[PDB]
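Have a look at the structure below, then the notes.
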Amino acid sequence: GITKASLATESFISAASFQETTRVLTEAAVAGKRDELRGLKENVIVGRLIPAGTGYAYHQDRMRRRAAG
Amino acid sequence: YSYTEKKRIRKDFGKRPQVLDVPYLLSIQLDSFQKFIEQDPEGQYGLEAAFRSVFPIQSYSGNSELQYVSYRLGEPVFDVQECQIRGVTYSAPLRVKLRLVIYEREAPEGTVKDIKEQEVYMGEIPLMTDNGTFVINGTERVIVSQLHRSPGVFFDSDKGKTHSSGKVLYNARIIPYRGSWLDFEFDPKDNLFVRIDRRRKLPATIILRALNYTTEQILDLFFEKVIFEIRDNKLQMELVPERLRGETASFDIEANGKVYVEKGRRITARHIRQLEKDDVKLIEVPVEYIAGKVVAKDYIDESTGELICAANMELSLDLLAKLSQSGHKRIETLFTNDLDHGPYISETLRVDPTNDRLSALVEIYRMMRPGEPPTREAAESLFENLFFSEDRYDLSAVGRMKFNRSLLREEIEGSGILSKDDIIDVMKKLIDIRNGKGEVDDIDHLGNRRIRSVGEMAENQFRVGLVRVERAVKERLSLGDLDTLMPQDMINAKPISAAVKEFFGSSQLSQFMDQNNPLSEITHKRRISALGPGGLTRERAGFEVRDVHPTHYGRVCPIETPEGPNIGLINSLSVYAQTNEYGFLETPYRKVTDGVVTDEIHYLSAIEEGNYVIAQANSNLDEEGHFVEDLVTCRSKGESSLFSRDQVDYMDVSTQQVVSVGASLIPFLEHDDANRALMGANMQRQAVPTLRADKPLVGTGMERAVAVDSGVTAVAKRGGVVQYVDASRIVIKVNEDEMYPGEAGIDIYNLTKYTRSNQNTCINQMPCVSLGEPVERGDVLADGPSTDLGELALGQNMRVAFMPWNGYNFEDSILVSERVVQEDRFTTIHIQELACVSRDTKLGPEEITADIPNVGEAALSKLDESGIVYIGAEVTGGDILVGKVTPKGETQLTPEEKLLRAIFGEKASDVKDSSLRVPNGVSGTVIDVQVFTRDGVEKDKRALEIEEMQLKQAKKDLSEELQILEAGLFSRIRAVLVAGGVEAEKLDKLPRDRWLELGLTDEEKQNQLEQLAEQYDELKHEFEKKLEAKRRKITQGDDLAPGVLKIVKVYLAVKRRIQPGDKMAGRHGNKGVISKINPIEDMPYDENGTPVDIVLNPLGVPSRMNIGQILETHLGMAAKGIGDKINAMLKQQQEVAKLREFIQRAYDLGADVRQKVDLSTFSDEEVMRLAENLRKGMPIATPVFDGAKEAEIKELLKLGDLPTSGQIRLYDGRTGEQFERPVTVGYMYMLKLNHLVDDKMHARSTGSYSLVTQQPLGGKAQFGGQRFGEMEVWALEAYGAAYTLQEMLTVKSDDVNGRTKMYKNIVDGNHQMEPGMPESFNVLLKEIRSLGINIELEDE
Amino acid sequence: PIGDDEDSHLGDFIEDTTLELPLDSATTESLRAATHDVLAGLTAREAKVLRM
Amino acid sequence: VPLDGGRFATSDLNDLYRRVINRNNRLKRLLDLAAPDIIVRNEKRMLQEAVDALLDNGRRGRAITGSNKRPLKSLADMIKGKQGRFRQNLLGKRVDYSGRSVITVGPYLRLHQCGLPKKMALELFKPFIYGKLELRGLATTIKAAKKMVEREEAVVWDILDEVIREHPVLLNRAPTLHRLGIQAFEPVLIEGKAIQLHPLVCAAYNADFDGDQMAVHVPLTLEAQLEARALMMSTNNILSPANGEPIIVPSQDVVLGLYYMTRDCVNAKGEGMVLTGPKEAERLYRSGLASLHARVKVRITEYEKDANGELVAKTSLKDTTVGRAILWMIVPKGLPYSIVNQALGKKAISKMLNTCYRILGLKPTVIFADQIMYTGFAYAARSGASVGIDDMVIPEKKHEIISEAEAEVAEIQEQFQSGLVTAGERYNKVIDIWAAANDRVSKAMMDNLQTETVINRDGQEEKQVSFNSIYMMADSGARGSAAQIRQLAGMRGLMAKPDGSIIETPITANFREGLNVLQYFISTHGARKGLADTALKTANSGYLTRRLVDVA
Ligand SMILES: [Mg+2]
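Residue numbers (the authors' numbering), protein chains in the order written: chain H, 1308 to 1376; chain C, 3 to 1342; chain P, 510 to 561; chain F, 253 to 804.
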């Protein structure tokens, strides 16, 4: 179901928005999760250009420079 | 008829005669508090009862008791009006006589000393105005009546959703007025469970054991007996024929040498009748039949002395043969059936963990207070203190009553604590319900719904005060010495003070009266709420209780209820509705005996009304009042259908008795859908008063009763002639028939003048009478705001045309001509109260001095030497109303400003400008200025000026009163002297003061002379006090907050006409917003060249179904017609004949309408005035469901020489050419909501921010930025505007560097952003990292 | 919590007076230019002495 | 931080931290004092409790703040925030350069612009105004510029008219649902405090003029300006992102106008005659010599773009009406004349725009739409359409139908009286026949309302569609529907008690007639039920949308 499918998101910062904050923060903390952004919500939270639209170019060039020469 | 009804008359359509006229609308509010505060001889609710509850209070065993004698309410500190200015609370001192007795130890009880302390003041309590309002701080407030579930027993069902099985359930709940709730509930296994409050579940019988009931006794309570006899050998059984019902024979049923029933043959009514008439008292049964039967009491062997079987245990062929050899003959077994009489209690016992009273008390104490070690004294004290404590528990009267009534008892009144029989009976009833006999009541039913009011709640609060102080009394009496203290040192002030002050101060029920409007106030004071303490919440209750119940008939208004977060949780009181003696709701009805419908009224409550057959207000009866039709529409038990000619016991009292005072003001309501009707009756209370109060052109007839019953107008206390008429005051000379023998007297009504309301509107009374005019007892002497000659005018009628005008009227938006803004008719006056605070900081005191650093002479001009604005000085936004300055040391500048100040020689002031400026954009005239100085701080210049001015004005105002009153009195004396003493010319010659020294012949006239003088001197001395006090209250420094040295309150009167963006609607729930203001030039006109005032949109009418908004337009048209005709005849000055004729014609209108009109009226001096007031139009009354009809309106139209179609050809003011097809034109009453754009419009560029999270926040009433929500973000997401979003949530809001670094680039002409990180996320970083969580930003 | 029962808790209403409003820092940024431009017109040692 | 009245205010974290610190120290001391075990244990326990209350309160005994009953807000609550689930970046944030007010009409507007209140625009662009002001040199320094606009010197109005030109502004309404809930427009300076919003866009916003208010935002950075103008720009969204159909479609007044034009009657002025172009077909009407609706053969030049990338041209004597002919003057280029030859209802008037978009492109469609709005309002005004009480016609056969069905109920009543039918069987029968009656009266009223106008051309009688106002409104799609009209003229429905069971005594009266006490009371339940239902389904819709945006 959509409500269940929304539960799975790689970004924990995103999860801290809609899900139960406490749990998510802990559960991610123990595993030493690394939130790389790459999504909308997680980016809106940190106040960075949306990885879509006018900013999809920015996030693209950045993603490409990243993990490369 | 009446007097002020001569100045005008509303034409009343409709047939049904009023059988009962409308009572006082403010009834509830006044009556309640009238009961709360009063001296009541008995324990009936009031401060008396509240006292008698907790009192007397004795020390713990200490034999020092404090009892209560009597209480009194001293005269208020300030009157209603003064207190409204100063800003204190209008309240009376509570003086109560208390008695402290010290019993000599070693009884007989007698006291060494009882010190009876004089009345000890505990707190002051708020008082209720004649208008049913309270004043907390200089503000009229209302306490909304509360509606909640009445105390008693309640049997619910809760089927369906529970357990998914479908076996349903049955629950009972005993809810007291105060204390813990007692719940009994079943479960799928039919085990009876009990819980206190919402607490842990427990098997029911465990309560009974705490009441000292052994298993044997419980079984004796809930089960009958089946007697077994071992006579001879091989058991027999006693038999009652009704027992065998609902069962098939388990064996051969035979006795008396005759076999009545065989095996496998069910026992029907046949076998039962046979066995019944044959009289079979005994039958022999097999030894195997008792294999399932449960033994009743215990059993033991006389010999062995051991327990054979415990009570409530299944017998077997074994145990039977064990107790039968022991000699036992009789064995008692429960009478059990899984259909008729259920064995629930027996199975309840099997789940019962406990055994005796002690064990039960323990398991209970470990329930209520789980985890702490249980003790005997503990488990005892708890259980006794729950339902049996006179202190901690009560159902009150309503509770005991509903309790016994729902238990089918006799006594309607009894104790407030449960009895063993009470609880046990309730259990029995729940059981009976599960067994199939008896029904289940419902919460929504108004019979289970009670209604409190101000008085009850106020009493509850004062009660909590009394208990929290009781603890103190018992505390101090612990260690106390003998005569050293008195009932003063114990009882404090604050416990009562803050307790009652809290309620009136902050409660969801207590609130600022909504005063923009008479109907607003009066519909606020009649209001009910299921919210607040004791009630449910918006999120708590679902739609059920919100929905209109059939019981809401004649009690609650089905239409007028708020639409929003809470719907149906409020509603409103019906017109004729009354609070029942017990506090249910009861409604007027007409008793129908035999075949005649009698005019005798009757008051039936929700429960009372139930079985009776009630006819309808809309029904036809003629002459003696027999129902015409043999079949009449009637509602009887919950439902409504056609009933036989005479089957009826009752009929509706009025046509309007279903609705509310607000809903009754909607003309042609029968033609409006309930949705838009709700919207209308909701918006009608939002009507702002006008500058020229006009009149409804289209009425109902409630418009009088509303404005009159409300305090907005000023009614005459007595009939007579007016000695004096001023816009300030009105002086009536009292008629002799009314006026009391002593003191003579003339009624002097001081009128309220321009002053601030709670809504920041204007409230100003105006005299409706002329100099020396005859008045009637209870007549309107002076109108209020939005009131015309006793009738309620919430707005102004005007010429309306339905037609699309070049899209300017596109949506519900309204297009109005310039004729309206020119005539200033829709103009409204606003009064804003602004305040200036002179505080004290460690840096120094603040000054109100006119000496302000950095200000122009234009700014300094408008203020006096003291720095306060002149009364009458017109100001705009930015002007300085009050000067203020606060000390700030060490300016601490930078080299640029160091050089700057060095060159231009400007000493940087040690003070910053704190002055109270006029709010930006608003402009008005200063009417009034107040100065509140701290007691002990020297009064400034302006302060003294104001003080002395008030002193002289008060001297004149009181002296004038003394003069008028005295002249009036002396006149009465002079009147008495001429009877029995007569010298007319010879009397008034000598000095007036000498008249007192005169006598008269022996008679009662010599006594009245004594009276007139006896009272004279009273008024003579009553001057002194009334002066002295009045003087002192001007001088004394009003108490203030910590740190504030003084306060300057300025009152501004702004005048706003109307402009595009304002919201205005009709009474039919058709909203609108003025779009453009069109020149009279461009306004569509008719063949007569008369321009139309307003052009609406005909498209809004069909979809939103209110067809009434059209009828009001049609009738109104015709109505205005009848005005114009008269206006012609008056302009042509025909004669008193033609006018009388036409007027008589208009007041009749075809056939069959109750009217009762003129030819009694004086041929000239009266009629000619009526017509004079009627030239503006002919006011028409259209009762709610009794209102006018098509043909009647059309006929009136014919009388106005207007078309039947209500449509007249119109012409564009532009091209002048005709509009194809006609257009409906007429007159519609249009209000103006207080939603004016001048308030609504807001904007900001860069304002002040918030300290915690850096975010835009309005400090100066410079409105903080608009909120950008998650959805509003999703929009930008969908569009894919990335930078718009970034800047939206970063640089424009949350970024502390971003904002300024932006602003700089903005002025530099460079549009860019250097975003950085929002402070919200940064704060979150710190907050997370504050915990044991390490959250870092990585990479690059 | 203040009225409305919402998360409108009193602390969210405490405004920051401590931080300078942007409209100020604008003017200061400009006053730099004013004093500099005006100190450009004085003689060498007059500029040096006034700055010093 | 301080506060007025000398009083202070502080976070609850201070109370908590204070407790933890104090107890910790007490433990250190008790260690140095060699206290007995029971004491050091009790202390350690207490410290654990305190530290817990600090980190997250409520997994423990729920400590309360000093002299206040309300439980102190812990750090966990500082993070979690409240009002459902958001932390400060979702539920909302306050934003600079913004405003709001009540909205008004402004039919003179072009779809790409909106009226912006003068004072509002002053306060909004205040930073830009400063910049331009001292850019040209009208102001010495920034301070002086502030004093200038504070005084509102006459020059600043023109200075503002400079910054307003190409700088778009964002407009938004309260229930933002779909991206069209926020659009970009071009500011047009207007007197008064009200915002003027283009009527065609009133559809997407779902904004009635009943006092709804609209928020405004300023696109600060350059990128925000270009973003607004090339994306959020109103003129760039004419199509609902949900479906290809136009969202700019004329709403009510305008469609009534075009309806009243494109309509045709039987016999009127100029009926039968012939005229060359629509240019003189307008002259004939304006002069009053020819009626707006009459059948007249007239020549027209219609274009078709059928040639590859190229517009063809032709002409013919078409059978049309004066009104349709005049309306054709607006229709640009490639659109065939066959599009305006119909009755032009709210449906067809939309497909006109759609075809215009899929054929001529964006710009022609936009200007087309502006024109359609203007002419719509104009001719709708000229039409003098109104609503009277007699405009709603009740069937003459109504009372008869009522009486016959009323005979049915008594028939079934006699049946049940004799036990011929069971209670439920009877109930179903009665409700069936009553509903049947309702259908009869409805399908009657619609007929007596629809074609009942009977007129004459050169003969005695020829009957056509009705010119009745409320009917024109319902037929065009301007407002109202057969279902609602049914409630106006014919009897309205049957009502069901709160239980949900339908009552067998329907409402035999309509709105034009009086509804007595009963009928109204019985209607009330359905009313409050309706209001509650929609008001709640709003929230449900919102929740659904939220789950959806979260999953995607
Ligand atoms: Mg709306």
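Where is the CB? At the ideal position from N, CA and C, for every residue including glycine.
Taking only heavy atoms of ligand 1 into account, decide whether any of them is closer than 7 Å to the Cβ of residue i.
i, result
"residue 805 of chain F", "Given a span of 253 to 804 for chain F in the structure shown, any question on residue 805 of chain F remains unanswerable."
"C/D675", "no"
"F/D460", "yes"
Identify the continuous beta strand (DSSP E) that holds residue i and give its terminal residues.
i, result
"C/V733", "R731 to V736"
"F/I641", "Premise fails: F/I641 is in no beta strand (DSSP E) and is neither H nor E."
"C/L1054", "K1048 to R1058"
With a CB to CB cut of under 7 Å and the five nearest residues on each side skipped, what residues in its chain are close to residue i?
i, result
"F/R278", "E295"
"F/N708", "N519 and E714"
"F/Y555", "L563, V564, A565, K585 and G586"
"F/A373", "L412, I416, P439 and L441"
Within the same chain, show all residues whose beta-carbon is closer than 6 Å to that of residue i, passing over the 5 residues directly before and after it, in chain order.
i, result
"F/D622", "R362 and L363"
"F/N606", "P498"
Might you give, ordered along the chain, the residues of its own chain that have their beta carbon closer than 8 Å to the beta carbon of residue i, omitting 5 neighbours on each side?
i, result
"C/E126", "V79, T91, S93, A94, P95, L96 and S499"
"C/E876", "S925, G926, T927 and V928"
"F/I331", "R339"
"C/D192", "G344, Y346, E349 and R436"
"F/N690", "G742, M743, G745, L746 and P758"
Please report the residue range of the alpha helix (DSSP H) in which residue i lies.
i, result
"F/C454", "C454 to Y457"
- prompt: Can you list, in chain order, the residues of the region 496 to 514 of chain F whose Cβ is nearer than 9 Å to any Cβ on chain B?
  reply: In summary, chain B is missing from the structure at hand, where the protein chains are H, C, P and F.
message: For a minimum of 4 consecutive residues, which ranges assigned as the alpha helix (DSSP H) are wholly contained in the region 663 to 707 of chain C?
response: 676 to 685, all fully within the region 663 to 707 of chain C.
- prompt: Just by C-beta distance, which residues in the region 1328 to 1345 of chain H are closer than 9 Å to chain C?
  reply: Taking 9 Å as the Cβ-Cβ cut-off against chain C, the residues of the region 1328 to 1345 of chain H that qualify are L1332, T1333, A1336 and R1341.
query: Taking a cut of 8 Å between CB atoms, which residues from the region 384 to 415 of chain F lie near chain P?
result: Taking 8 Å as the Cβ-Cβ cut-off against chain P, the residues of the region 384 to 415 of chain F that qualify are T393, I394, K395 and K398.
Chain P contacts made by the region 1114 to 1128 of chain C, where a contact means CB separation under 7 Å: Answer set for the region 1114 to 1128 of chain C: empty.
query: Relative to chain H, which residues along the region 769 to 788 of chain F have a C-beta separation below 8 Å, given in chain order?
result: none
message: Ignoring anything shorter than 3 residues, give me the beta strand (DSSP E) runs that lie fully in the region 412 to 500 of chain C, in order along the chain.
response: 451 to 453
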